Amino acid sequence: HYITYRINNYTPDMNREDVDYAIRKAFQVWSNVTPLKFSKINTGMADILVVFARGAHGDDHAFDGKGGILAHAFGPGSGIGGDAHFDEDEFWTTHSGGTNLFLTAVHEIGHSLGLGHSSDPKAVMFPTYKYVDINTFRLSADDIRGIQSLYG
Ligand SMILES: COc1ccc(-c2ccc(S(=O)(=O)c3ccccc3CC(=O)NO)cc2)cc1
Ligand SMILES: [Ca+2]
Ligand SMILES: [Ca+2]
Ligand SMILES: [Ca+2]
Ligand SMILES: [Zn+2]
Ligand SMILES: [Zn+2]
């Protein structure tokens, strides 16, 4: 129940502190509904690596340029397992005006922890990006069902 994460690199779209905050808040969403304890590391071997990259980036799932696929993430495992990759050809944002990193990271971390996609459009795990005010964002009951089915 104790999972480490590291931010490999920072999108130039955002301030470094804003990337840190968005990612920290995204892990907090999942920690708030599970026994999971997440610890950020700055250097070293983490369970979950966060990476921004474009096109082909070393995993056999190349990105596709601006638009299309925004991000993907691997389920829990050794190596690339757990990692969450964000397509740098998107414009990552703290709020709107691009693709919101926090919301996207909530979705990807879901996959990092072993979740698939939901058929509930209110779930963060439903694979349609839609901006919502970050302060009013809430996991759906379907997301909570999924994650609690794995942890606890
Ligand atoms: C509410 O906040 C949200 C909800 C959903 C996502 C989300 C939605 C879609 C995608 S995507 O990369 O375009 C995509 C679209 C369809 C099928 C697969 C994918 C890849 C994917 O599911 N990555 O996790 C990636 C992230 C992002 C943020
Ligand atoms: Ca893309
Ligand atoms: Ca990993
Ligand atoms: Ca970018
Ligand atoms: Zn990748
Ligand atoms: Zn997804």
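FYI, it's all coordinate maths here, none of it is from the lab. Note: ideal-geometry Cβ built from the backbone for every residue, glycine included; neighbour counts use all protein chains shown.
Quick notes
- Residue check, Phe63 out of contact with any helix residue (DSSP H, G or I) (no Cβ under 6 Å at 6 or more places or on another chain) and closer than 28 Å to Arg145 by Cα: no
- Selection of segment 105-123 for residues being of a type outside the set (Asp, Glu), on the phi < 0 side of the Ramachandran plot and free of Cβ contacts under 8 Å to residues at least 60 places away in the same chain yields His107, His111, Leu115, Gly116, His117, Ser118, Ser119, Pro121, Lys122, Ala123.
- Within segment 1-19, being surrounded by 15 or more Cβ atoms within 10 Å (Cβ to Cβ) and assigned to a helix (DSSP H, G or I) holds for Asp18, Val19.
- Residues (small (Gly, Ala, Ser), farther than 17 Å from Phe38 by Cβ and within 11 Å of ligand 5 (Cβ to nearest atom)) located in segment 58-107: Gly58, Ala62, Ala71
- Unmet requirement for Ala56, which otherwise passes all of (1) free of Cβ contacts under 8 Å to residues at least 12 places away in the same chain; (2) among the hydrophobic types (A, V, I, L, M, F, W, C); (3) within 15 Å of ligand 4 (Cβ to nearest atom): (3)
- One residue alone among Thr128, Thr99, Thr93 is without any contact (Cβ under 8 Å) to a residue 40 or more places away in the chain, of a type in the set (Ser, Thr, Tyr) and under 18 Å from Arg24 (Cα atoms), and that residue is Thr99.
- Checking each residue in segment 30-75 for being β-branched (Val, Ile, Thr), over 15 Å from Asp20 (Cα atoms) and more than 16 Å from ligand 2 (Cβ to nearest atom) picks out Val33, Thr34.
- Number of positions in segment 81-104 that are away from ligand 2 (no atom under 12 Å from the Cβ) and surrounded by 16 or more Cβ atoms within 10 Å (Cβ to Cβ): 9
- Scanning segment 1-43 for residues that are among the small types (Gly, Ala, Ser) and touching a residue at least 40 places away in the same chain (Cβ under 8 Å) yields a total of 2.
- Matching residues, segment 105-149, being surrounded by 13 or more Cβ atoms within 10 Å (Cβ to Cβ) and aliphatic (A, V, I, L, M): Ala105, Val106, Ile109, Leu113, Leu115, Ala123, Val124, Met125, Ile134, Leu139, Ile144, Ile147
- In segment 60-119, residue farthest from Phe137 (Cα to Cα) [restricted to those that are away from ligand 4 (no atom under 12 Å from the Cβ) and acidic (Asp, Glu)]: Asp60
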